[PDB]
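K.L.:
from the sequence below, what's the structure:
(8 chains, ligands or ions: 24)
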Amino acid sequence: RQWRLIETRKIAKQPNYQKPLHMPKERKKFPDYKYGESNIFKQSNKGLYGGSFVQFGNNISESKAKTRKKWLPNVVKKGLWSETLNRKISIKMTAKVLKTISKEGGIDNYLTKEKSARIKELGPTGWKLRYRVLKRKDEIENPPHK
Amino acid sequence: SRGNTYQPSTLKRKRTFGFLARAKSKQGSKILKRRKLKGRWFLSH
Amino acid sequence: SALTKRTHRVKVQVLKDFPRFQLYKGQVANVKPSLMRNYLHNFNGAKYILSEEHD
RNA sequence: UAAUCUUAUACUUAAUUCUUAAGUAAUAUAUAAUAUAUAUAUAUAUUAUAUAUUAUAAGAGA
RNA sequence: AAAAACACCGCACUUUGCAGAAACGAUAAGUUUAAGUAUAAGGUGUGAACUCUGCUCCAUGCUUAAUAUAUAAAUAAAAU
RNA sequence: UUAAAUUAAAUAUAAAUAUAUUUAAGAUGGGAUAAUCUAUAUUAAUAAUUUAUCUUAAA
RNA sequence: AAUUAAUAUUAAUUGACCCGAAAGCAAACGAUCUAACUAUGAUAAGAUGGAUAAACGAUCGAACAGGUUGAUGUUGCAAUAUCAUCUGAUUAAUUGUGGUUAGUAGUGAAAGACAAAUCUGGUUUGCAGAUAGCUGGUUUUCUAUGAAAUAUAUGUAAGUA
RNA sequence: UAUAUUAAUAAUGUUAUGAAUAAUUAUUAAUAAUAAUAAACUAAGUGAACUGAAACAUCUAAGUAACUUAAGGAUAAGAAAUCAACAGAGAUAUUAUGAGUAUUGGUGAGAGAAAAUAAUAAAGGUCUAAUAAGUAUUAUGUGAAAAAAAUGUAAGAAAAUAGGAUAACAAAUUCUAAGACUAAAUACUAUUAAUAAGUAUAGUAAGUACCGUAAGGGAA
Ligand SMILES: [Mg+2]
Ligand SMILES: [Mg+2]
Ligand SMILES: [Mg+2]
Ligand SMILES: [Mg+2]
Ligand SMILES: [Mg+2]
Ligand SMILES: [Mg+2]
Ligand SMILES: [Mg+2]
Ligand SMILES: [Mg+2]
Ligand SMILES: [Mg+2]
Ligand SMILES: [Mg+2]
Ligand SMILES: [Mg+2]
Ligand SMILES: [Mg+2]
Ligand SMILES: [Mg+2]
Ligand SMILES: [Mg+2]
Ligand SMILES: [Mg+2]
Ligand SMILES: [Mg+2]
Ligand SMILES: [Mg+2]
Ligand SMILES: [Mg+2]
Ligand SMILES: [Mg+2]
Ligand SMILES: [Mg+2]
Ligand SMILES: [Mg+2]
Ligand SMILES: [Mg+2]
Ligand SMILES: [Mg+2]
Ligand SMILES: [Mg+2]
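P.N.:
Residues are numbered from 1 along each chain as shown, chains lettered A, B, ... in the order given. Ligands and ions are numbered 1, 2, ... in the order given. And now the structure:
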């Protein structure tokens, strides 16, 4: 496969600070997602889609009469257990993604898998979840005092 | 008897076509930008 | 499919007794993935095993 | 039916508020032991161990 | 072109039990229906009232009942 | 009525956006007192759809 | 004997000699005109008849609102007027101020009626030099030669081979 | 309401009991402040129709216009799971030729490569992956008129003793997917310099007058 609608997204490169005319009031809680939020099938940003998007193609008849149609991924809203968070997390879930999760053994595992492909096929929400989980894990491992 | 279709009222006209109305909506912004690009002197009422 | 339903298992150690499912605590079973995800895993009632070190 | 869906509504420690961890109290549930009452079964009380602090109620329901 | 046309009050048929029907919604959530609940709401014809509304389901629909009966995608495993 | 405005996850959606809900805006309406002239500030406490005013009764 | 270049002719594709549609689609703009709804205000002299002092889409009739018939007007006072006449005139009334709904598209007591002088679906920008076997147009001179309107085929008969 | 509020003090007037409470001025400290920002170029999402085919529906226009989103001085691409043919080459980019050839099409309208050889180009190679599954692949629905790589839905591998590449199989060749970075040639703007068988109705005014409610049009 290819992650063409993820790895093609580009975000305004930040100027690092050794002030700007408009600085935000709050503090960036989460680390910046490499690929940013998708401006294409924004339904996907709410949950875990595995880099699957709406396709647009042609309905074709017996007379070869083309007529535009769309294809949706099989999204299902699904509350799934996270050992690290110690609670079930409900999200939108392409059934493929669900299957993958099942295979890999847990949502935490899915989130915290290293490969770039996995990173790509998380959403911004997915990224956030991953951050939460890994941070939690770190905390568990390493209390402030050894 | 037709002909007198414009029935001036300052309130209505500023509220509908005025600069602030244009600038408030995305479509309005487009229009203002268009007029700027043409170099119009008057961007809207 | 039907075949998939029949044959696809996931290996887990259950950490709590589950009367209905006949999976007594501590035991390592091959159960259907749906069962794992929707019943067992919630509240640390089970744990996936990808290898002998997960046990 | 813990598939899916519908509707309604306390303290101590560590990094003024926030978060973690420990224990203890409080409430609930599960399992085990003892005492009593009734017909091997049901009910109450006491003790031990484990778990919880998105929920509750209603409905449809593979 | 002000009428013999539309509307109307009335009459009739019908859909919908409310997690409705109808409408709108690249379609969705969701809105109107309604803070209403079949004596209500949507649709359809006719068009106050008096005397009245005959006969006919062939056809096109709708609608109920089955059995009659074909076919589309979707499956094992195994034969040339 | 309006509002690129407001609730890991308000809901939905190829994008644009749309939606309910809050917050703010929005007169054509409402808004103490007063020629024997009148004081709006600050702090502390616990209305009206329309329409008529008849008949009777009293003196 | 070719080939290369220039010059000329013809041919193909690009707007292809020039002008000219009605249209289609995309994205915008408009509900200060007008329709329906919506919020808030305002107006309707006087008289009469009703089983109420106060109940009526009641009667006569001004304002107001219509627009029946006629005359004038038809480069007008006016891209729909004037005068007379006629109708409603407490209501399904009229009207001010603001708001909502429109371009596959709203509103419509329905006339294909209206959506800014008029829509069987506006306007503007763009696609765009749309396309037109159709109409018109295509600018100096002098010389030489000089037709056709037949046959065949054609969704062909205004064309083209 | 930063001639702000809070704190600290200092001079001042009043009240109740040297100490306490409020008011004003003056110094010192603490505490937030202001999205005017292009246009073309690039990438991505959606994606007409007129038109052509002398009708029209497959096809065409065309992944063009348009709308929408996002980045950068450029962007994209880029060091082969590539091409080739048993001889070989060795990243991309796009220009000559190849070539209007192969390929393809209601086999109509029409569409149309690659290898190879040349130019242009820059040092052009180089690790930043503990080397990659719901991935390759298959089935099915779509998908640059010719050459796939993509993609919705479900099935779903293998360790270099292994994978991919061709209707299919057998040989043989070649490359290593599911991890990455990358100057230069290029696009568009602005300035400077040069050259004009270019413009004075393409020679600076004005996006003004004026027209339209508005978008918009638009003179002399
Ligand atoms: Mg005018
Ligand atoms: Mg508006
Ligand atoms: Mg008339
Ligand atoms: Mg009748
Ligand atoms: Mg009815
Ligand atoms: Mg009738
Ligand atoms: Mg207010
Ligand atoms: Mg508009
Ligand atoms: Mg009166
Ligand atoms: Mg009357
Ligand atoms: Mg009358
Ligand atoms: Mg009269
Ligand atoms: Mg009228
Ligand atoms: Mg009005
Ligand atoms: Mg007609
Ligand atoms: Mg009408
Ligand atoms: Mg001669
Ligand atoms: Mg002809
Ligand atoms: Mg594009
Ligand atoms: Mg780059
Ligand atoms: Mg790159
Ligand atoms: Mg092409
Ligand atoms: Mg590689
Ligand atoms: Mg004017």
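K.L.:
quick one: contacts for residue A:127?
P.N.:
When contacts are counted by C-beta atoms under 8 Å, 6 or more residues apart in numbering or on different chains, residue A:127 touches A:30, A:31, A:33, A:119. For the C-beta atoms, the positions are set from N, CA and C on the backbone; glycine is no exception.
K.L.:
any idea how far it is from residue B:39?
P.N.:
Counting by C-beta to C-beta, to the nearest Å, the gap from residue A:127 to residue B:39 is 45 Å.
K.L.:
out of the contacts of residue A:127, which end up buried?
P.N.:
The neighbour count (16 or more other C-beta atoms under 10 Å in any protein chain shown) marks A:33, A:119 as buried among the contacts of residue A:127.
K.L.:
nearest to chain C, of the contacts of residue A:127?
P.N.:
Nearest to chain C out of the contacts of residue A:127 is residue A:119 (C-beta to the nearest C-beta; 20.8 Å).
K.L.:
now do that closest one against residue A:37, distance only.
P.N.:
14 Å.
K.L.:
now swap in residue A:135 and tell me
P.N.:
21 Å.
K.L.:
what does residue A:64 give?
P.N.:
For residue A:64 relative to residue A:37 (C-beta to C-beta), the value is 39 Å.
K.L.:
neighbour-wise, which of those two wins?
P.N.:
residue A:37 (15 against 7; other C-beta atoms under 10 Å in any protein chain shown).
K.L.:
which residues sit in contact with the more buried one?
P.N.:
A:45, A:123, A:124.
K.L.:
quick one, phi/psi of it?
P.N.:
With angles defined as degrees, to the nearest 10, residue A:37 sits at phi -90, psi 140.
K.L.:
count of residues packed around residue 4?
P.N.:
Just so you know, I chose chain A. Neighbours of residue A:4 (other C-beta under 10 Å): 9.
K.L.:
that's the wrong chain, I meant chain B
P.N.:
For residue B:4, the count of nearby residues is 6 (other C-beta under 10 Å).
K.L.:
what does residue A:85 give?
P.N.:
Around residue A:85 there are 14 residues (other C-beta under 10 Å).
K.L.:
and what about it, helix, strand or coil?
P.N.:
coil (DSSP: H, G, I helix; E, B strand; the rest coil).
K.L.:
residues contacting it?
P.N.:
With C-beta under 8 Å, 6+ apart, residue A:85 has these contacts: A:108, A:132, A:133, A:136.
K.L.:
okay, those in TSV with distance to residue B:10 and neighbour count next?
P.N.:
TSV is the format used below for the contacts of residue A:85 (distance: C-beta to C-beta, whole Å; neighbours: other C-beta atoms under 10 Å in any protein chain shown):
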residue	distance to residue B:10	neighbour count
A:108	64	24
A:132	56	17
A:133	60	22
A:136	62	16
